[PDB]
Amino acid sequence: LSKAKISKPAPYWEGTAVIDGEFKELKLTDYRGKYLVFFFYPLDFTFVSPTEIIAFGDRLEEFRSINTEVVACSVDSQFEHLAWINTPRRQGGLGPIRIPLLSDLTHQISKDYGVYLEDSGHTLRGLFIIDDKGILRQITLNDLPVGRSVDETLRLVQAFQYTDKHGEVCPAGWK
């Protein structure tokens, strides 16, 4: 039932995101021309701590140096996303965040990406790296509240771009 495959176009999505405290409509093809790291961030009963979106948002400029945008997606509506954003993180909210929080209210994004568990309504923490032509280059799945790694995500993004520019060569760094 998952539509996410390596080297095929990443499954299309569109929905309402919270960007800078306001509602914007977002489409996967908006990010055409740049790399997109797209990861799922459950706010449900498994939630434990704001750490991961804070970590990715604070370093988002590093991603933009390499022509990469970051967006998180969750199965809650834009309104509860804004409620979470307006809840201070001392009280168990996210506080201000600098990456778009996308809404999957219909659940079909989480299923297209094979990250949705239909028993609990819970989303596994998938992270996906999509290149500037919309091809899916990376799938990372686990259920860890935290987490993924901003360092290894950017390292993966740079590895993909190096493969795209130099495809028939071995860099000296390989042994």
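A residue's number is simply how far along the shown sequence it sits, counting from 1.
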For 14 to 22 versus 161 to 169, entry-based mean Cα B-factors point to 161 to 169
For the higher mean C-alpha B factor in the entry, choose 111 to 119 or 59 to 67.
59 to 67
Highest-ranked of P50, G33, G126, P42 once sorted by CA temperature factor in the record:
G33
Name the third of the chain's ranked CA B-factors that contains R137, choosing lowest, middle or highest.
lowest
Would you please rank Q91 by its C-alpha temperature factor against the other modelled residues of its chain and give the third it falls in: lowest, middle or highest?
highest
With respect to C-alpha B-factor, does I54 fall in the lowest, middle or highest third of the chain as deposited?
lowest
Could you look up the Cα B-factor of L28 in the entry and say which third of the chain it sits in: lowest, middle or highest?
highest
